[PDB]
Amino acid sequence: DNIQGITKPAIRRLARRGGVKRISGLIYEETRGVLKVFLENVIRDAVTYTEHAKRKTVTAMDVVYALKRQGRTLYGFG
Amino acid sequence: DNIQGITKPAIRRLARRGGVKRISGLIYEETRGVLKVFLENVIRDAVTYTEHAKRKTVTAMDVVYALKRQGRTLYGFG
Amino acid sequence: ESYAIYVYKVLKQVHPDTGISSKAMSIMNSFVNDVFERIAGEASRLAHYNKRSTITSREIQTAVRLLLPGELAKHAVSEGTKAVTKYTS
Amino acid sequence: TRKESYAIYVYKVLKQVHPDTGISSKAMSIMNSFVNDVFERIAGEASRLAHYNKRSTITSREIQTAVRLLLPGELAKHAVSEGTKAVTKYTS
Amino acid sequence: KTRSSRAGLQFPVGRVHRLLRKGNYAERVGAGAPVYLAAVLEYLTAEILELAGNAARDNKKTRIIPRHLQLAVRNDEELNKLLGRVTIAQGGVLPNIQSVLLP
Amino acid sequence: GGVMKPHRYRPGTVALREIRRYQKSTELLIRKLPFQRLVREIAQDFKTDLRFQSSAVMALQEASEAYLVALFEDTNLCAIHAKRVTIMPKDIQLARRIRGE
Amino acid sequence: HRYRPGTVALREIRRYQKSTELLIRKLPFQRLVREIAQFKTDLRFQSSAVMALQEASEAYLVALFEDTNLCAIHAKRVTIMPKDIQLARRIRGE
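Enquirer: Can you walk me through the overall build of chain A in this structure?
Expert: For chain A, the helix and strand inventory stands at three helices and two strands. Reading chain A from its N terminus to its C terminus gives the helix and strand order α-β-α-β-α. What you see for chain A is a C-alpha radius of gyration of 16 Å, clearly larger than the 12 Å of a compact globule of 78 residues, by over 25%. If one aligns the C-alpha atoms of chain A with their principal axes, the spans along those axes are about 45 × 30 × 15 Å. When burial is assessed residue by residue, chain A has 51% of its 78 residues classed as buried.

So this is what it looks like as structure tokens:
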């Protein structure tokens, strides 16, 4: 149960960066669920690429390719 | 002013298809503006494709390619 | 040329006594073309990432697994594997 | 093993548009990513166009069409101007 | 004999092979690629047509119409995900009314 | 002695009836000739003396009708979230903003 | 001495929009990833991969919360509520 490691202070800080002034007490579970879904999708794609590549190690380029597949296009990691 | 040809009851009809019960009096102009912008973009792309093809007639396949470029695939006019 | 006759031959196997309109036929033609383009482009990317000249059944399978949803992808892979096995056996 | 990059070229450009200005390694990597991304976009659009008109050769005309389709507003105009100027000077 | 007969499929393998060799996707193609792709296409087509026929029989009709294709695709969990960004001409929408509007 | 009329529909009833009526069918909702004139007019701004295909215009009409239908579908959700029955331009703007337009 | 409710909230908003650091702790995130990566047993990871995942996740969450705040404001509320997130994700197309 490592999803509880995304702590309430962390989510509050992220919201603050988002421009939220007042936060309800029920936001954190929904945020945890959403983060879990997003990470699951990306990691599934990354693992798919790795298995096709015949690699034990998941490389960063694989993560980039998954994000490009889903339409995020992260810069700064090659 | 052919934009006025998009009649008030026509917009009401589109809304009814969408599932709107009560329509405000300014929805119509806003929809006129939105539709104008959208058509302008699509037509610009289509005419670009045509002029690249050296044609004077605007084929339907050009409209299809333009809509694909926007990211709205259309089945039927292939 | 198009896939019309092939669509018919498929249609008659899953619904004998039915018909289909020309507009529906064109829609299916577009759908076949679209799926083919998607899968082919994905396979071409995959073959580029590993710097390999050839697209293989493995490449197509990778593309299918990436592109389709799960329950659909599993059946797709099963059918493709059965077909490619029968092709040689 | 050696690998290709764009760092020196970007630095030469920067030294032309800002004689006194440094750039961090992270920024250089981001710029490499941007250059690669734009190159891929333009090239793929050009191939798609070249396929639509059944042409074996991608020429400057297809590239210009691709750029015009892909860049918004006056940026496309300036891009076309620069490319045309460069080609014209290239011929002579 | 035709490769489809060997593979037991219905879509033509050879035309797919020619399209791959012609559509500028790579330098080479393995013998098995077209057969696999044809099998996938046949399976997807059969699925779509089965759902379309079921939708048609549900309305006492014998000819599949674009509205039926729309209902079949949108009334499925995974096909809708696969065709989320596709607009079907003469397709229409799904009948539904928000519960806060009914009296 | 006079001719008494029976009654008047409660408001919204016929609106819902029209909602069902237009959701059941699949047809073009926009006046075709005005639409063609509008397309021609706005196309004149990119290349003078153009010519169109009938299907090229039918496709444009289809795409536009679908786009507007989706926009209204999201806008109705926006309005409902605002606890309103009437639909407002601000809801349209919010829908476009969140969608990314 | 106390700062009135919301003042320190604005102070945090300003300072965290000014800053560019990461907000989520690396070790919990790495544990989460390596836990939900069990798809293929006994996997190995480059650090840069986890760094890119963290970056993308924080960016996605920030982008989502922006629309959440927009919705809440549209609802004439200061406090964000889960229904706002649900509306944002519904309109966004997820």
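Enquirer: Could you clarify how one ought to interpret the UniProt feature "domain: Core Histone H2A/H2B/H3" (unreviewed entry) in chain F in this entry?
Expert: With numbering aligned to this structure, UniProt lists the feature "domain: Core Histone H2A/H2B/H3" (unreviewed entry) at residues 11–98 of chain F. Along residues 11–98 of chain F the backbone is 70% helical and 5% strand, and the end-to-end C-alpha distance reaches 32 Å.

Enquirer: Honestly, the pattern of salt bridges in this entry has me stumped. Any pointers?
Expert: Note on pairing: side chains with opposite charge can pair once their charged atoms come close. All chains considered together, the criterion is met by 26 salt bridges over all chains. Put simply, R16 of chain B and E18 of chain F hold a salt bridge, and the shortest N to O gap is 2.8 Å. In this pair, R16 of chain B sits in helix α1 (residues 8–18) while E18 of chain F sits in helix α1 (residues 13–24), so the two residues belong to two different chains. Among the residues examined, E18 of chain F registers a relative accessible area of 28% and is labelled partly exposed. Through salt bridges that share partners, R72 of chain B together with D74, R96, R99 and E101 of chain F make up one connected network.

Enquirer: Even after reading the chapter, I still don't get a nonpolar patch on the surface, so can you show me in this structure?
Expert: A contiguous nonpolar surface patch, about 330 Å² in accessible area, is contributed by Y6, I8 and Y9 of chain D. Mapping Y6 of chain D onto the fold places it in the segment before α1 (7–17).

Enquirer: What is the right way to look at the interface of chain E and chain C in this model?
Expert: A common way to state how big an interface is: give the accessible area lost once the parts meet. Contact with chain E, which involves 49 residues of that partner, is made by 53 residues of chain C. Across the chain E to chain C interface the summed buried area is about 4800 Å²; carbon plus sulfur atoms make up 73%. Counting the contacts that link chain E with chain C gives zero salt bridges. Connecting chain E to chain C are 15 residue pairs in polar contact. Of all the secondary structure elements, the ones that give two or more residues to the side of chain E that touches chain C are α1 (3–7), α2 (13–22), β1 (28–29), α3 (32–57), β2 (63–64), α4 (66–74), α5 (77–82) and β3 (86–88) of chain E. Residue contributions to the side of chain E that touches chain C peak at 19 residues, all from α3 of chain E. For the side of chain E that touches chain C, the class distribution of residues is 31 nonpolar, seven polar and eleven charged. Note that strand β2 (residues 54–55) of chain C and β1 of chain E share two bridges and pair parallel. Note on β1 of chain E: the bridge partner recorded for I55 of chain C is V29 of chain E.

Enquirer: Please explain the packing of aromatic side chains as it appears in this structure.
Expert: The geometry of an aromatic ring pair is captured by two quantities: the separation of the ring centres and the angle between the planes. In the structure shown here, the tally under the stated rule is ten aromatic pairs over all chains. A centroid spacing of 4.5 Å and a plane angle of 5° characterise the contact between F38 of chain B and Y67 of chain F, whose relative ring orientation is stacked. Of this pair, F38 of chain B sits in helix α2 (residues 27–52) while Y67 of chain F sits in helix α3 (residues 54–81), each in a different chain. With respect to class, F38 of chain B is no different from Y67 of chain F; both count as buried. Ring plane angle 55° and centroid distance 6.5 Å describe the contact between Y49 of chain B and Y52 of chain D, whose orientation is recorded as tilted. Of this pair, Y49 of chain B sits in helix α2 while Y52 of chain D sits in helix α2 (residues 25–52), which puts the two residues in different chains. Taken together, the aromatic side chains of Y49 and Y65 of chain A together with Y49 of chain C make up a single cluster linked through ring pairs.

Enquirer: Is there a simple way to explain the interface of chain A and chain G in this structure?
Expert: At the interface, 44 residues of chain A touch 51 residues of chain G. Overall, the association of chain A and chain G removes approximately 4700 Å² of surface from exposure, summing both partners, and the carbon and sulfur fraction of that is 72%. Summed over the three residues of chain A that lose the most area to chain G, namely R13, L14 and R17 of chain A, the buried surface amounts to 16% of that side. Between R16 of chain A and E12 of chain G there is a salt bridge, with the nearest N and O atoms lying 2.7 Å from each other. At the junction of chain A with chain G, the criterion picks out 16 residue pairs in polar contact. At 14 residues, helix α2 (residues 27–53) of chain A tops the list of elements feeding residues into the side of chain A that touches chain G. Partitioning the side of chain A that touches chain G into residue classes produces 23 nonpolar, eight polar and 13 charged. Relative to strand β1 (residues 44–45) of chain G, strand β2 (residues 57–58) of chain A runs parallel, the two being bridged by two bridges. From the neighbouring strand, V58 of chain A faces β1 of chain G, where its bridge partner is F45 of chain G.

Enquirer: I tried to follow the side chain of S30 of chain C on my own but got confused; where do I start?
Expert: Tracing the backbone through its elements, the reader meets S30 of chain C in helix α2 (residues 22–49). According to the relative accessible area criterion, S30 of chain C is buried, its value standing at 14%. When near neighbours in sequence (up to four residues on either side) are disregarded, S30 of chain C contacts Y75, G76 and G78 of chain B.

Enquirer: Sorry if this is basic, but what is going on with the packing of helix α3 (residues 60–70) of chain A against helix α3 (residues 47–74) of chain G here?
Expert: Across the interface, α3 of chain A lies against α3 of chain G with an axial gap of 7 Å and an inter-helix angle of 30°. Relative to α3 of chain G, the element α3 of chain A lies roughly parallel. For the element pair α3 of chain A and α3 of chain G, the recorded crossing hand is right-handed. Across the interface between the two elements, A60, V63 and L67 of chain A from α3 of chain A touch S48, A49, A52, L53 and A56 of chain G from α3 of chain G. Per-class residue counts for the contact of α3 of chain A with α3 of chain G are seven nonpolar, one polar and no charged.

Enquirer: I tried to follow the arrangement of the chains on my own but got confused; where do I start?
Expert: Among the eleven pairs of chains in contact, the pair with the most contacts is chains C and E. You won't find any contact between chain A and chain E; their C-alpha atoms come no closer than 13 Å. Regarding chain D and chain G, which are not in contact, the minimum distance between any of their C-alpha atoms is 13 Å.

Definitions and cut-offs
- Residues numbered from 1 in each chain as written, not as in the entry; some residues may be left out.
- Chains lettered and ligands numbered in written order.
- Part of a larger assembly, values for the part shown.
- Heavy atoms only, no water.
- Helix = DSSP H or I, 4+ residues; strand = E, 2+ residues; numbered from the N terminus.
- Rg over C-alpha atoms; globule rule 2.2 N^0.38 Å.
- Buried < 20%, exposed > 50% of the residue type's maximum accessible area, 1.4 Å probe, protein only.
- UniProt positions renumbered as here; feature names shortened; annotations may be inferred.
- Salt bridge = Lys/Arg side-chain N within 4 Å of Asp/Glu carboxyl O.
- Patch = residues over 30% accessible without salt bridge, like charges linked within 9 Å, V, L, I, M, F, W, Y side chains within 5 Å.
- Areas by Shrake-Rupley, 256 points an atom, 1.4 Å probe, with all protein chains shown as cover.
- Contact = heavy atoms within 4.5 Å.
- Buried area = accessible area lost by both parts, 1.4 Å probe.
- Polar contact = N/O pair within 3.5 Å; in protein donor to acceptor, adjacent residues only side chain to side chain.
- Nonpolar A, V, L, I, M, F, W, Y, C, P; charged D, E, K, R; others polar.
- Pairing = 2+ DSSP bridges.
- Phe/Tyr/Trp six-rings, centres within 6.5 Å; stacked < 30°, edge-to-face > 60°.
- Axes fitted to C-alpha atoms, helices over the stretch in contact; angles between N-to-C directions.
- Parallel < 35°, antiparallel > 145°, perpendicular 65-115°, else oblique.
- Left-handed = near helix turned anticlockwise from the far one by under 90°.

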